[PDB]
Every structure is written in structure tokens, then in C-alpha cells.
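Presented below is the structure to which this report refers.
Each answer follows from the model by the rule given with it, or from the source it names; nothing here is a laboratory result. A quick note on method: Cβ atoms are made from the backbone with ideal geometry, for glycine too, and the neighbour counts reach across all protein chains shown.
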Amino acid sequence: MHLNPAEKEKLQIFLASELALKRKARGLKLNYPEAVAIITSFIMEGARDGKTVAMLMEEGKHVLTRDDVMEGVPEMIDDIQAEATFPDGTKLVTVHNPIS
Amino acid sequence: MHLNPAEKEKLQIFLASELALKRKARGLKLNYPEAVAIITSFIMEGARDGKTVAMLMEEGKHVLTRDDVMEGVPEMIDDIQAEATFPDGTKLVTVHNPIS
Amino acid sequence: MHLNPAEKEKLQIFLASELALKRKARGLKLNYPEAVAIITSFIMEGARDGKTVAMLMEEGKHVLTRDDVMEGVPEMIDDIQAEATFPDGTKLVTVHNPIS
Amino acid sequence: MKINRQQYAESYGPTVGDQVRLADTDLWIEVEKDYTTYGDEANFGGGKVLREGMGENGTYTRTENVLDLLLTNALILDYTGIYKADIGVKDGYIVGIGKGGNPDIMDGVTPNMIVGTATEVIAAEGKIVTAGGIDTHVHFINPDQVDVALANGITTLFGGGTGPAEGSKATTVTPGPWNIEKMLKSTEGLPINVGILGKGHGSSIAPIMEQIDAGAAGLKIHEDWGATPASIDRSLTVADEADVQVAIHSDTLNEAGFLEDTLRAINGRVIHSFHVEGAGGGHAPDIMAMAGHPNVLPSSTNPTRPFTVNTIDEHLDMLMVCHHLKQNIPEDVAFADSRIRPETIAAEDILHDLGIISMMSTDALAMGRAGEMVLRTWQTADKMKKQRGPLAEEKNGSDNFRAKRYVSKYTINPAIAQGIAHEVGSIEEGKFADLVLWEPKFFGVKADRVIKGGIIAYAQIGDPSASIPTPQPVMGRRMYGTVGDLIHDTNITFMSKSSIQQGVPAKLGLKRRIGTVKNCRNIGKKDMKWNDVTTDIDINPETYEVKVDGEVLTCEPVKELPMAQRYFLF
Amino acid sequence: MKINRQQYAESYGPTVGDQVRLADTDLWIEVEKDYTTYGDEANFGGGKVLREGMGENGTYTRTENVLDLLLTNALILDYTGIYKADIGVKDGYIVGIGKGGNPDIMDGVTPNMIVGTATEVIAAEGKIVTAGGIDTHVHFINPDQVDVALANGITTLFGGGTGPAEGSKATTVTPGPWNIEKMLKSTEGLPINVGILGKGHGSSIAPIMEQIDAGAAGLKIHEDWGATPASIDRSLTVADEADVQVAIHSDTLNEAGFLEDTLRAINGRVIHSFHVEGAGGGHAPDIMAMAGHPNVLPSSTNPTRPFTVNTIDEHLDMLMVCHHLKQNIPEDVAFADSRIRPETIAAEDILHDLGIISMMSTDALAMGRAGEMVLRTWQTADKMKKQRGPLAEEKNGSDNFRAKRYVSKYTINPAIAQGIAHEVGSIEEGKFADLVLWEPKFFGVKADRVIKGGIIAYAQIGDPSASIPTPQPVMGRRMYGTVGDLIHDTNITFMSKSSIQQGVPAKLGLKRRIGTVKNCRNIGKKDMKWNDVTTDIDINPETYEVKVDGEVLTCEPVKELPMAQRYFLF
Amino acid sequence: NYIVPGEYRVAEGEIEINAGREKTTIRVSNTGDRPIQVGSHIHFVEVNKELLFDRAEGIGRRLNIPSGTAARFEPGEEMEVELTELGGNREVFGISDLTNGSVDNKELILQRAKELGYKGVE
Ligand code: NI
Ligand code: NI
Ligand code: NI
Ligand code: NI
């Protein structure tokens, strides 16, 4: 596979997102790391799909809403940042205030 | 996400459980680590759901039966122990003789 | 569970395969590490199922075809090798030119 | 020009009279004073104040009042106060608390807090900064326990063990000169401060004392090795000669005596009573009465902290595993059951709130959680505010009195008890620069950065392959202070005076900083900061009801805690 | 009072005449004798026997017959016996096997096995304890291979390599003085015992000998460097002068000679024949005939162990990768194919069972599996019991004779072959305390705790953040013996007498314990414990049929093994 | 045929503990208000002061129970127990500091016990 250090680490974001998605699907309000994981994995998969950085900066604000998460979680997350390989190489996506 | 050492480690219990559940679903009798993984992940997800320690100590005996596992596996597992964050903080669940 | 070093490492092949399978299912042509991960996990699960080494050496050539992967990926993969616990212990499966 | 309060706090952190919520608790801390000069706040970055000729002095060499490190705009939470200041570090020690910058052009600069060519900067604006936690009940069972401790803000581990041997899995003991030497060498690779306890057991002095001379920093008396009147007596005789502390886990079984017999053997000498409530061990049912005595330094271990609806149910199996007991021996089960009492656990919450139990500790991996001492301290304080109300001592709607009482339990008090408070345990000038930065939203839950001897040792930080350090995954990671030979200069091995005088560090090739244990035998409950209360504690032998000043101490278990499911992935 | 057998065994482990199943095999071991005094068994924990004034002596200092460590109630499986005893360790060495405790009050205490203030305790009741495995065919290719080895109970790695260089990926060789020096320094960070083999190739003595003087512990002759009559001769001349062992992988190609020519070059001198069956290398098809000779110490490597239905199919591609061969060169493929023979693999199972092949080894990462030497030894024994029946030498329905024959293959015999059995390779008084604890259900599969020089180095242990060490995930982890400078005292670097005399350890700054290789040249097949058989082995050059005493040796491959899918996640 | 991995097949018969040693049965009462539990290997005369029994009969003896087990006395509880003889050198040091030498020194042990208030010295 030739996995480098980042590829190994970022597998565990995907895994945490899968965990969190299962918790959401069975009716739980999500906590802080769960919410961060879902939005982060969304961004990295979006890059893999070939979306632009600008698309993801905006889409990232519409993945989870305040009714999906516990009290105070929206205010705990000032931004989420993630890097992934876009068609034009590694880029950084910053999503400000992803959950209103 | 702010993952601490235990949060990182415990991701791999969830993963091993997902692996084992797929093996069970395609008709395989489960082996020792597969059985332990399923019951352990069940407990940690139960805590996340807000069950009590006492509920899980008993539910853990009804997750897998002897027909779900290989010969000798029930007798190999004297107990399963797992810690997770309940609504009232980290607690330990001990399930004695989980597979009769 | 008593996980040894290889059992821990090989969890991340299963995980990478699950990631890659999701990417394929949403219509993406797979890249080099994705393709390797899918075929590798296929082999290890085949061993768990009780297939022979000889069966998997041949089945491994029919998991992904060139239309499933990006340009040049078939030619990048000269072989895939994986070890797993068969009913008769650990064995090595070598699949030559898995994608024509 | 004037700046409104909200905007000021957002830019520089809070100032005098502002309050901050601790994590998702109901606890609020208030800034008591601020060492700054408004308009001359230090800050670092593009176009900011700490630049040459401006807030950074360009004239002075390092030895001329210049710092190695300035933490700008810290909100300090310490037994000494809750207040706003810059913190200056040099040679690995805190040398100034006050106002940093450049006396050329700024008013009110603390004279030895010059930002110069030699000065690194850590921005603490908007952070709470505390001393590193001092955990004095550590079982050395699994080296993976060190990162667990660092991640919740612990910087010193005192205790014993050789790894997952049954002796160590039960008791905080590294037995005898050879095991002690081996563990001192192991310690060279552990990125945290360490002190090692020998076995406080014997009926002759020499077998016990030779452990102190070998490099132990104290002793543990534990019932699993025989907490007999003789072992108690000989250990305290050794400790009084050597100037080290003795920890005790007393005779739960009451085999050779009741509590009063243990107190008679102690004979008024200083002792640290571990897990004083007794689930973790001790004379059943009344061992918590220890905490009323003037010569006892009492700590709790963490699984009973605080009293919750799941607390009792987890304990039996936990205890059986720790102490190598058998389910098929009725007397083993009876012994275990005798230790587990909701009456004393409930009273333990209240005794903490009253300043009668002075310390917290983990009991890491032997009926305790290595990364939850700090966590459970604040959960206890929060529960007590909810159930008992603000303490009478409070004012301005703040919880500052409670906050000082509780922070002392895991910082200064354990340091005083083990004779190491000259080096660690509080944010004071002259002490080692073991500092923990917390975002208020994560306070007591997950440390931001843990500074050890003036260099960051552990941090919550993101993708090492990214353009900046903030992108995911943000996780706890060892930093440069732990790498190469820097691990030697950023950590202290605490040792007895006799082992130091006898040259044990050179004999073993120890390269870590060597700390001297001292002033352990001349202290008492009166010396426990904000937790100095002595009183007659009565425990009913039949009902386990706990009374202080003729009043039953009881409270309800809670179904939910803060600092819990909002934060943790599992 | 009397205790029934079932309850006694549950409390203290088995005693005389009791049997234990090895993992999920059909193999049963029987306790032959027991050193205890019934009623005075040592045990540790809450309210247990090893307490001051009771089973722990409170009088004696460490130097006065007191132990650093007592393993209580061990079921020892060793070439010397299968029996029940306490094991006492001091200064990193096994000093007593017998009965530990306190002579004050207990009968039958071995005089130097006093439990005192200085004594740590490991509970071995219900465990099988063996010597650490001695793997003498290790390629140093990937440092991650060390934990793999520890997890299956291996404590010594003998072999060669510099990492994933093609020379090392093919051959157990660290070539020349500089590479040897570099790998001796690397070894300072490897938590396992190590000895390094130089290149056994040359036609002049000096290039070969200077490797021994540089710190090599032996030599490897390998066909990939030219296993010529000259290289064989010069290497053995060097070995006879230096008192080190030579391992040989002979000329498969028969390029410069047939087997008889290699034997003539050896000229009756002592040699260790690697992978004697020949899939791993050697004169095709008849190299296994080596194992009949009195001057040959024969080992197998592990992928042919035992003969299974998938064995042949994995080998061609494995061999091509190891030896840097090309699929498009017909003679490369012919060479590979010549090595892979079901006839000799089947006979190899039987030769092990008969005590004609004396040793097992891995061939780690170069046609072998670093963590399966112990595993496959027991799978072979189990297969042979199933196909050949209990050996004639057995009695009482036990498999003790087979068990001693097979445990010797990976413990004492490799140690004797490499001249290191004065230090390691068996549970005997005076030897280094490299000990492996196994739960019987996991015997030979996953080690519980691996003790190195008297300190736990590796363990299957759970959540470091938990209240106790048993909660999930339970996985193999490095323990305190591997941390800091303790790695130096818990491991041995084995070196030639000449390098030690010439001060190589001081020159290179080696801090590990230094072991001397000796008594390698005066031994033979007769010195291989329980595996000392010499005989004429005939291998048919056309059919590959193997005959001993006029009898064809053959058996069937099996479709399933124990110690396999019940245990492993992948 | 069913395989339990690592299972025992124990031999027939029973294990006699403390074989060949004199046994003595005595009555013992917990006169205190908290439970007292006594291990197999504590010198019996040196147990908790508030256990009432003929202290002389505990000298040089311990409970005749399996190694690592105990006798538990609830408050006010009287029980009959069986003692066995100490072995080895028959010396005891430490514990309650009643002996510190040979257990043969019955008069000294009892003098110390009486002075310190160990119940049941005649
Ligand atoms: Ni304790
Ligand atoms: Ni403890
Ligand atoms: Ni070879
Ligand atoms: Ni090899």
C-alpha cells in the first residue's frame, strides 16, 4: 500500500466517524469528538470525490445542526481543519463555526 | 477531537467488533478474540447509550451463545472487563461467564 | 483479546478496505493503495473462511478489474502478498498481476 | 481610549472581576488581581508587541534579567491565588510571576522578566494555567500509564512497582535494593517526575532502611505484605531517621488490631493515610476516622470520587482482581464486601468539601484510574456545590474558595506530604517549571500543553504532515521535551538524602535531575493548604453512619456528572 | 484436614500426577514431582501467606538468603523435568528452584529462597513456566520483528543483518568489522538478547577472523555468498581458533560439489546445519542427510513445520523473493523448484519426532516467521502424536517424553549449539532469569508475561487508563524492563572471547550485559538433549524418498492444526 | 472428545495439609464491635487483643486451614477453630512483638500479652 505516517493516522478519523455515525443512527445526540470526527471525515471524503476547497469550506457548515449534538457542542467547535489530497494535491480546508 | 491514549486504543475494539460481526453475518463460528471483541464493544456502546453498569453486567451474558462460537471458546472466556464513560463518568463492567 | 503485533497491524488493512469499498460504491475509480487494500483484505478474509492458498492465489485475480481503477494502477501492481491464519496455520498468498 | 470588557477578555484573557466557567461544570472562578499595565500587555505574532526594540529588549544578554520563556497573559489557578499574570521561566524554573516585556518602553515590567533575544514565547491568553498534578499513589504496572497521566495534567508520579507482578499489581512497592536500582534506571526513560517507595515491612530495621539507602524516596505499608504493629513501627522509625514519608494501607481484616491499635503503633508520628475512605483498603469499617487526626495526612484514591449511582456496582470485581482474591473462598469475598460501603463513600464527598480530606491521588491500575485524578477532583467540587450550595466563605458569586481548596488536593498538598514541595506542586517563584495549560472548555478534562522543566513535554496537537499544527486528528502526543537526552533535563527523580549522599545516582549512571526528599517528619494536618481541619470523626460500627460535630454526614449519589459524555469518545 | 484434587489444583496449580492439556492440542503434560510442603504453599495477596512474620521473613537483609523475586507455584516444563516448584531469582539470575517462604515458621523452605523485605512476587499458580526461546536463525531485517518474537516467548535472537538490505534479506550475515560495530550499537535499543553472525566467506583467514575480533558471536556460511569448499574450510578454521559456532546453508546448486564434498570440507569439525530439510536452502535433494552425522547440530526453520496441505503452495514465491530471483530466468525457477519437496518435508516431521533433528528456529523474514518457532514446535508434536501414536517411552497416559523432546528443540539445544547454555536456554539454578509464563489455554500461542533478567519485559495486558490492568483491550505491550537504562541490565549481548578480551564493549560504549560465547567446538549431536540420534539417512536422488534403518519415512499432510483459528484475529 | 483448551485432568485422591503435625481445637470469641478475620499463617497468640481465647493454646500454632484462607469472626461471634503447629525453626518475629524469638518461651510471651491487654491470659 506504501502507507506514510499521515495515511495511517487519518484512517482513525474515518473510523471515529463510522463510530459516530452509528451512534447518531441509533438516536443519540452527538458529543464533541463525535461531531468533529463526522465533519472531518466528510471533508476528507469530499476531497477524494474531487470537490474544491471552496465547496467544502461551505458544505462543512451543513453536515450537522445543533439538534444533532449535545448542549454546548456547537459553541465548543470554533472551526474544523483538515488536509487531504485533492486532484491538485494536498490542501487545507477550514470550516468556521460548522454547527450554528 | 483531543483524543487521549485510551480513546485511541478503544477505537480498535470497535473495529475488531465490526470485523467479527461481518464474519458472523457470513456464517462463521467465531473464535476467541472475535467473541471477546463483540462483547467488549457491546459494553462500551451500552455505556454510551446510558445503560447502567448493573444492566450491562447482565446483558453481557446474552450477546453470544455457545452455538455462535467455536468449540471450547465458551470455556476460554471466564469473564470480560471493559471501562467506558457512562453519564456519571468512567466505570468498569465485569461480565462473568458471558457465554454458557 | 490477547492481540499480538500482527493482529493489531492487520486491523488497519481491513479498515482501509472498508474505506476503499465505500469509495467504490459511490462511483469512484480506485487508486493504488485502495486497490491493494481491497485485494489484501479479500485474501485475509478468504483464509478466515477456510479457502486454500491455491484458491486465493487464483481468486485474487478476479476481485478488481481495470475499469474499477485509475489509469496505470493495473500496471503498478505486479503482485499482492498477504499472510493469514488458515485452518492449518499461517500461510502466504501471492497473487500475480491481480488486475489485468 | 477604552476597550469594553468582552473585547478585552477576548484579546488578552480575562481581567480583574471577570469570571470563567470550569469546563461544563457549574463552577466559576474569578480573577482576583492582575499584574499587567493596561496598554502594555505582552503578545507575540505578526505585527505584535514582542518585537526587537519594542516589547522585546535588544540589549541584554541572557544572564542580564532575560527569560528563557515567557507565558503571556496566564489565568493562574493555584492555592496561592486565582489571578492574571505573565509567568517567566529560566533554567527550567519559575523565576518571575508578574509582568514581562521591555523596561526600555513599558511601564511596570518585573525586573527579571525581560523578553530578550534568548526568550521563547507561549501564549496563555484565554488559558487557565495550573501547577502539574502530583500523584502520590501510583502503581508502576504498565509504562503506557505515563501518557494517560500526562494527558490529564499530572507531572509527578510517586509510588512503586516493577511492572505487572502481583506484588506491584496490589501494592505501591518496589521491594529491596536491587528492584529499586532497576526501577531507578527504568525511570531514565519515563517522561514524568518520579519517586519510588520501598516495602514498609519488617521487624528489623536494616532490611527496611537499606531500601532508603538504595534510592527509595519513601515507604509503603500495605496489608497485603502484613500491616502489623511491628511493620508500622519499624517503618516509621526508619522514616523519622531518613526524613522520608510513609504511606499506609492498614489492616482491613482487623487481624492484629483495630484502628486504635494502628494509631497506637503510629504513636503520633507523621503518616500519609492512603484511600482514607477505605474501599481501596483499611480497617473495616472505620478507617476514615484517620482523617480527623493531627499527625495524619489523608488522601483519597479516585474510583470513589465522587459518589455516583454506578460507583458501588463496579467495585467488588475490581477489588478481587487487584488483591489476588478468589471468588470461591467465602472469606475473600467477605473481606472484599467489607470494604465497599455507600455510607462512607457519601461521607467522603462531604469530608473533601469541608477540608478534612486534604489530598486526591489515582491508585493507577490497582483500584484507580491513572488519568482521572484532576478530572474527579472537579467533578466532586461541582457535585458539592450542587448539593451543599456555595461555601459560606465565598463572595461575588464566585467559587474561588472551593477552587483553591480543591486545586490544593492534587498540587501542593501531595507535594508537602512527600517532602518535595520545595521543587514542585505550585506556581511560585523558585519552583520547577511544571505547568499545565488548559482551554477553559476542556479544563480538568484534556490538557492543552504540559510543560516539564520549561519545555513542552506533551500536547494536544494535530496532523504532523499538515501546513499548520491544528488540522485533524488532534490527539495527545509526546513533544520534544521527551526526546533524546532532553528527557533528563525536563524531569526529576526524587530520592532520599542518604542515597544522594552515598552517590547512588553516579553509581547507577542516572542522568535525570535529582531531587532531594526533605522536611517530611515535622509536618501535620495543619500544614495541608486549605484542608487543615482536625476533628473527631465517629463511624458507627453497625450502620457505618459517619458523624462530625454530632452531625451525620450524608449525601445522595448522582446519575450524571459534568466532564464526562460531552468530551469522551469512549 | 484434606482438600480434594480439583480444588487444590484450582487454588495452587496442579500437583503430582495431575495432567494439563497444552492449549487446544491433544498433548497432556503430567506433574512428575512437587517441591512444596502441603499446607505451607506460598501465595500473595490480601490476607494471604506472604506477609511479614508469616510467610515473609522480617529479619534478614537482602544479602542474607533473601530473594529479589519469587515466582510462586510454577509448573515448570523444561528438558530437566516437568514439575511443580517455586522459582527464586536474585541479581537477575535463577538462584533457587524449590520452596520459598519463611524458615521461621514453614517446613521445607529452600535455604536461599527466603521471601523478605526485598522480595517481589509473581503468582505462577495455574501457569506453565518455560525458559525463553533461543532463536538461532534470525535475519535482522525490520526492528518491529522483536515484539513479534517476544509475544510467542522468544528471548534470544542469534543471526545477522543490517536491516532490509538484499544481503540481509537473504542471509543471516552482518558483514565485516564496521557493520558489526554498527549493529552492536543498534542492539543497545533492542529489548531481547542478541548475538551477531559475520560472513563465513573468504579464501584467506584474516578477512573472516577480523569479524570475530570486532564482536561477532559466530559465522554464517550461505550459498548466496558462495558456499564453496574454501569458504567452508576457512570459516571452520576460524571457528576452531575463536571458539564460536558456524551455521551453514550449503550449495543447493551442487555447483562446486555434492553433499559429500561439503562434508569432506567440513572434515569432522562441528557445524550447525540450518534448515536441514532444505526448502530454506541446501544441496538438492539430499541435504537432510546431514542430520545423521555425529558432528552436525541440525535445525529446522519454521515454514515447513509441520507438513500441511497449504505448505507446498506458499513456498515458490516466498523463496524467489528471499533470494532475489527472477521469474523470467528459467534456471532461477529451476533452482527454487529443486528446493521444494513434499517427500523431505513429510520426513522432516518424523525426524523431529525421532530426535534426529535437534532444534527449531524461525528464519525470521527470510523464509520464516519471527513469532512462530514455539507455536509450530507444538503443532508438530501434536501432529506426530495423532499420526504416530504416543511414543513407546511414555507412561501414565502422559506425553511427557514427547514434551521434553520438543521443548528442548527451542530452548536448551540452540543454546548448547551456539555456546551460550551457561547463561540461557533452561530453567536451572545459576542461569539468567529469562522466563515465560503461559496460561495453559494459550500455551505456545500467546505468552502471558516474558521475564528478562528478572524483570518483566513484555506482557499481555489491558487498558492503561483502567482501574485494573485486565479490562480490554488486552494486547502485547513492552513493560518496564524495556524502558530507560533498564534495557541494559535485562538483556545480554553475546560476543566472542577475543572481542571481549580486546575491549570492544568499552570501545563502542556498550552498556548491555556482555555474554561470552564458549565451548562450541567440543560438542556434537550426542550433546543435543533428548535429540541425540545419529543414523544413516538415505535420500533417493530420483524419488526423494527418505529411509532410516531400511524404512521409508513418510506421513500425510494435515488440513487443520490446533493453535490456529481458535486464537488468531487474522 | 470436547476440547477445553488448557484444561486439567487431576489425579485421584486428596491432599492432606500440615500432615504429621499436632492439631488442637479451641473456642475463640470476638469481644469487639467490628469484624476480625485471621489468616492461615499468623502466629495465633498474636491476633487482635479483643479476640478472647486461652492465649497459651495459640503459642507456637496457627490455623489448620488451607494456605491463603482465613477464619472470620463477626462482632460477638464465638467459633471453634482447629490449630496446627508452626514448623521450620519455630520462631516468630514481629507481628505484634509478643514473641521475637523461639515460641518455646511461653512465660515471656504470656507476660507480654497480659501487660498489653491481649484477652485470655490466665
Ligand atoms: Ni491500598
Ligand atoms: Ni494502591
Ligand atoms: Ni538459508
Ligand atoms: Ni535464513
task = Would you mind listing the strands (runs of 3 or more DSSP E) fully within region D:457-570 where at least 1 residues are over 25 Å from residue D:146 (Cβ atoms)?
result = D:537-539, D:546-548
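Conditions (1) surrounded by 19 or more Cβ atoms within 10 Å (Cβ to Cβ); (2) more than 30 Å from residue E:441 (Cβ to Cβ); (3) not small (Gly, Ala, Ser), marked per residue:
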| site | (1), (2), (3) |
| --- | --- |
| F:10 | yes, no, yes |
| F:23 | no, yes, yes |
| F:49 | yes, yes, yes |
| F:84 | yes, yes, yes |
| F:87 | yes, yes, no |
| F:109 | yes, yes, yes |
| F:113 | yes, yes, no |
| F:117 | no, yes, no |
| F:121 | no, yes, yes |
ask   = Does any residue of region E:291-306 turn out to be over 20 Å from the mean Cα position of the chain (by Cα), outside any loop (DSSP other than H, G, I, E, B), assigned by CATH to the domain that holds residue E:562 and surrounded by fewer than 24 Cβ atoms within 10 Å (Cβ to Cβ)?
value = yes
ask   = For region E:1-108, which fully contained strands (runs of 3 or more DSSP E) count at least 3 residues that are of a type in the set (A, V, I, L, M, F, W, C)?
value = E:69-78, E:81-90, E:93-98
ask   = Restricting to region E:525-570, what's the tally of residues that are within 14 Å of chain C (Cβ to nearest Cβ) and within 24 Å of residue E:26 (Cβ to Cβ)?
value = 13
query = Quick one: would you say residue D:163 is surrounded by fewer than 24 Cβ atoms within 10 Å (Cβ to Cβ) and either within 16 Å of ligand 4 (Cβ to nearest atom) or small (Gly, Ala, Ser) (or both)?
reply = no
request  = Select from region E:433-477 the residues that are of a type in the set (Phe, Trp, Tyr) and more than 7 Å from every other protein chain (Cβ to nearest Cβ) and list them in ascending order.
outcome  = E:438, E:458
query = Residues of region C:63-100 being in contact with a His (Cβ under 9 Å, 6 or more places away or on another chain) and without any contact (Cβ under 8 Å) to a residue 24 or more places away in the chain, which ones?
reply = C:78, C:79
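Listed here are the residues, each with its yes/no results for (1) within 16 Å of ligand 2 (Cβ to nearest atom); (2) in contact with a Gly (Cβ under 8 Å, 6 or more places away or on another chain).
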residue	(1), (2)
D:244	no, yes
D:258	no, yes
D:267	no, no
D:282	yes, no
query = Here are some residues: E:320, E:290. Which one is without any contact (Cβ under 8 Å) to a residue 24 or more places away in the chain, more than 11 Å from ligand 3 (Cβ to nearest atom) and at negative phi?
reply = E:320
inquiry  = Residues that are assigned by CATH to the domain that holds residue D:407, among the basic types (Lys, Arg), more than 16 Å from ligand 3 (Cβ to nearest atom) and over 23 Å from the mean Cα position of the chain (by Cα): does region D:188-211 have at least one?
reply    = no
request  = Report, by residue number, each residue of region D:240-262 that is away from ligand 1 (no atom under 16 Å from the Cβ), away from every other protein chain (no Cβ under 11 Å) and surrounded by 24 or more Cβ atoms within 10 Å (Cβ to Cβ).
outcome  = D:242, D:244
message = On the basis of being of a type in the set (A, V, I, L, M), within 14 Å of chain C (Cβ to nearest Cβ), closer than 15 Å to residue E:492 by Cβ and within 16 Å of ligand 4 (Cβ to nearest atom), does residue E:196 make the cut?
response = no
ask   = When you go through F:47, F:81 one by one, which is the residue that is within 13 Å of another protein chain (Cβ to nearest Cβ) and closer than 22 Å to residue D:202 by Cα?
value = F:47
query = Residue check: is residue E:247 in a loop (DSSP other than H, G, I, E, B), out of contact with any helix residue (DSSP H, G or I) (no Cβ under 7 Å at 6 or more places or on another chain) and within 16 Å of ligand 4 (Cβ to nearest atom)?
reply = no
request  = Output the number of the condition that residue D:336 fails; it satisfies all remaining conditions of (1) touching a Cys at 6+ places or on another chain (Cβ under 6 Å); (2) over 25 Å from residue D:409 (Cα atoms).
outcome  = (1)
ask   = Do we find that residue E:112 is surrounded by fewer than 24 Cβ atoms within 10 Å (Cβ to Cβ) and away from ligand 4 (no atom under 16 Å from the Cβ) in this structure?
value = yes
key: Options D:220, D:169, D:182: the member that is more than 28 Å from residue E:436 (Cα to Cα), in contact with a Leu (Cβ under 8 Å, 6 or more places away or on another chain) and either within 9 Å of chain E (Cβ to nearest Cβ) or of a type outside the set (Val, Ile, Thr) (or both)   = D:220
request  = Mind listing just one residue for me: the one in region B:72-86 that is more than 8 Å from chain E (Cβ to nearest Cβ) and in a loop (DSSP other than H, G, I, E, B) and, of those, nearest to residue E:567 (Cα to Cα)?
outcome  = B:77
inquiry  = Going by what's in this entry, would residue E:118 be described as touching a residue at least 12 places away in the same chain (Cβ under 8 Å) and either within 16 Å of ligand 2 (Cβ to nearest atom) or touching a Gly at 6+ places or on another chain (Cβ under 7 Å) (or both)?
reply    = yes
request  = Spot the failing condition for residue C:54; the list is (1) within 9 Å of chain E (Cβ to nearest Cβ); (2) touching a strand residue (DSSP E or B) at 6+ places or on another chain (Cβ under 7 Å); (3) among the aliphatic types (A, V, I, L, M), and only one is missed.
outcome  = (2)
note = Per the filter on region E:36-90, residues more than 11 Å from chain D (Cβ to nearest Cβ) and farther than 27 Å from residue E:425 by Cα are E:37, E:38, E:39, E:40, E:41
message = Given the condition farther than 15 Å from residue D:562 by Cβ, of a type in the set (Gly, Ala, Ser) and in the same structural domain as residue D:76 (by CATH), answer yes or no: does some residue in region D:386-401 qualify?
response = no
task = Only residues in region E:548-570 that are on the phi > 0 side of the Ramachandran plot count as the first member; pair them with residues that are in a loop (DSSP other than H, G, I, E, B) and crowded, with 19+ Cβ neighbours inside 10 Å, Cβ under 9 angstrom, at least 6 apart or cross-chain, and list the lot.
result = E:563/E:22; E:563/E:23; E:563/E:24; E:563/E:25; E:563/E:443; E:563/E:444; E:563/E:445
query = Can you tell me which residues in region D:307-317 are free of Cβ contacts under 8 Å to residues at least 24 places away in the same chain and part of a loop (DSSP other than H, G, I, E, B)?
reply = D:310
query = Scanning for something within 14 Å of chain C (Cβ to nearest Cβ) and either closer than 25 Å to residue E:161 by Cβ or surrounded by fewer than 23 Cβ atoms within 10 Å (Cβ to Cβ) (or both), does region E:345-363 turn up at least one residue?
reply = yes
task = Please enumerate the residues belonging to region D:323-342 that are in contact with a helix residue (DSSP H, G or I) (Cβ under 9 Å, 6 or more places away or on another chain), touching a residue at least 60 places away in the same chain (Cβ under 8 Å) and more than 8 Å from chain E (Cβ to nearest Cβ).
result = D:339, D:340, D:341, D:342
